[PDB]
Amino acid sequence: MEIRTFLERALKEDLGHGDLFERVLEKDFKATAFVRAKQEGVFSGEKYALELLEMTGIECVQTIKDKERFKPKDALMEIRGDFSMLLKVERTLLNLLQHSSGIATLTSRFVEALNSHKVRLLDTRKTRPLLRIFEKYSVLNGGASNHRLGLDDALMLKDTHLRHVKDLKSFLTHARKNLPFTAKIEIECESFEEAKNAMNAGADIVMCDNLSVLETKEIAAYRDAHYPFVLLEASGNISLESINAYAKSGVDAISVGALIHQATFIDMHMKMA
């Protein structure tokens, strides 16, 4: 299964040489446990939790679904299996749920503020090591959309790249044959001129990086009139305070890496009996 190895590694780091408790547990037995919320938020991590339980021979009796909202004291999951295994898995289970839900929850807050159905919210490649796929998945559960998953997914030319590109148009024109047939090319721009030049060069997507709303609206209006098929993306420390403003700029999407890199754990715990 696609994420099985991920769960194996998550567990392995916690068990190390082997759980010490099972060495002294006088008698193992079947038991039921509940994952309860101690804070409100939106649920994420279901796909991983279920794969983890199945892998460890733990039964998932009941569980709320990804994207579902919850309140403190709410029971999020009911699991049953060997007492020794419920304990060996406890932390790994909670940590992945609290982290995933943390991202989904923070993300849902940005979805509300953005308040739009025409403009999608996006993440970035700023993700914690080994957690890209995990965290991208978590953003989906917050109600937003994902940007590319890696460096093979699409071509994104930013400031650093552009400095070594004499004549963008020529570059983009002859880059197509060396890129996979289905690849889009995005160009990071920091001024109306740059974006305009990007569009004329043959950019599939143009990012309006660190630009005022006015500056962005100008570029969006220009795009609508001359390059109707170029997607526009706004980004650059966009906050909960300014996200709505940019939603009205005319851009197609808005990316904020904070959805992932400023997310924190939603409080939860596991209780027996």
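In this text, residue numbers run from 1 along the sequence as written.
- Which of 107 to 115 and 146 to 154 has higher mean CA B factor, as the PDB entry lists it: The entry gives the higher C-alpha B-factor average to 107 to 115.
| message | When the Cα temperature factors in the entry are averaged, is it 180 to 188 or 94 to 102 that ends up higher? | response | In the deposited entry, the stretch with the higher C-alpha B-factor mean is 180 to 188.
| query | Say you rank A10, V24, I260, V251 by Cα B-factor from the PDB entry; which sits at the top? | reply | It is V251.
- Taking the values straight from the PDB record, which of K88, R120, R125, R128 has the highest C-alpha temperature factor? That would be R120, according to the entry.
Against its chain's modelled residues, does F34's Cα B factor rank lowest, middle or highest third? CA B-factor rank for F34: middle third.
task: Pull the Cα B-factor of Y48 out of the PDB entry and bin it into the chain's lowest, middle or highest third.
output: For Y48, whose C-alpha B-factor we compare with every modelled residue in the chain, the answer is the lowest third.
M77 - which third its CA temperature factor falls in, relative to the rest of the chain:
Middle third - that is where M77 ends up once the chain's C-alpha B-factors are sorted.
Consider only the C-alpha atoms of the modelled residues in this chain, order them by B-factor as the entry records it, and name the third containing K166: lowest, middle or highest. Tercile = highest for this residue's CA B-factor.
By the recorded C-alpha temperature factor, relative to the other modelled residues in its chain, which third is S84 in? According to the entry, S84 has a C-alpha B-factor in the chain's lowest third.
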